[PDB]
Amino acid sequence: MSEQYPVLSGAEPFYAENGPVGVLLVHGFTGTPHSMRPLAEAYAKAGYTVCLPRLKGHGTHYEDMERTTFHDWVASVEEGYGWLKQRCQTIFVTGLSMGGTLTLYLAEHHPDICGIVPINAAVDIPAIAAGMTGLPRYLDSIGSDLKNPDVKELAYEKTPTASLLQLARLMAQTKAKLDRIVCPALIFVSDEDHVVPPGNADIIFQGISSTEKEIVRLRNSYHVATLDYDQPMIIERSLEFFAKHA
């Protein structure tokens, strides 16, 4: 049931105990805490308690990932949420890509969350269904969709097809339950995301029941926006959002 491979260098989770306002940061599918670490460190330096977990099956080897289900990834996030609940009076959740999906999923089940910051969150990726139809156990992963080519992202070099099915099911369930969300939402979307169609931001904006919601368009980033040129804006605007709603 446990992972068989060791944690990769750079994929370690990050925890910081600071003040009574906490932020949970969720990384994406086949990715690792590396993609959220600059945000986590900035929020900790700003005085927030921070939890950046490593999703089960992630940051080790794709064979470990293949053995996981979306319920395992949800459990990692629920565990991090619980860690914060034991420490903080106010909790925000943010996440990139499937991490954004999991942010939404958590908010659909926990009304106490005080705000969410999904970044290129995925609730519908038609290419997954199209990809089947018309095969192999592991697909060659695409290179990281980053506008800045100097940035090194840590993600598995192969993607298990079994795991894509798990992602599809997670997305469908998350999409179906969007109207349960009423907390404030700051929805970031890269205009030029080549992985998650940017209309996802509008599915989310229209689907949630929140009265305080906005879409912020990132014009200088591709999918992996947390490591891309718009990173400072994501951090600054997120910090403003946390302060306003705490």
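Just count from 1 along the sequence shown to find any residue number. Here the rigid core means the biggest group of C-alpha atoms that line up within 1.5 Å when the two forms are laid on top of each other.
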Check: Rigid core superposed, root mean square over structures and residues, which stretch has C-alphas farther from this form in 5 other deposited structures of this protein, 142-150 or 172-180?
Finding: 142-150
Item checked: RMS CA shift, core-fitted in 5 other deposited structures of this protein, bigger for 123-131 or for 104-112 -> 123-131
Margin query: Our gap detector needs a label for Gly134 to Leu135. Which class matches the unmodelled residues of the deposited sequence there: none, 1 to 3, 4 to 9, or 10 or more?
Written below: 1 to 3
Checklist line | Entry-level comparison of average CA B-factors, 216-224 and 60-68, reporting the higher stretch | finding: 60-68
Next item on the list: Report the stretch with the higher mean CA temperature factor, choosing between 137-145 and 78-86 on the basis of the entry.
Entry: 137-145
Item checked: Candidate set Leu106, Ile116, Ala127, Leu96 [ranked by C-alpha B-factor, highest] -> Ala127
Item checked: C-alpha B-factor winner, where the candidates are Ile91, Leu170, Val151, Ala121 -> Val151
Check: Should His27 be placed in the lowest, middle or highest third of its chain by the C-alpha B factor in the entry?
Finding: lowest
Next item on the list: Could you tell me which third, lowest, middle or highest, the C-alpha B-factor of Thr211 occupies within its chain?
Entry: highest
Margin query: Ranking the modelled residues of this chain by C-alpha B-factor as given in the entry, is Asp179 in the lowest, middle or highest third?
Written below: highest
Item checked: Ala243 - Cα temperature factor, lowest/middle/highest third of chain -> middle
Checklist line | Third of the chain's Cα B-factor distribution that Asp202 belongs to, per the entry | finding: lowest
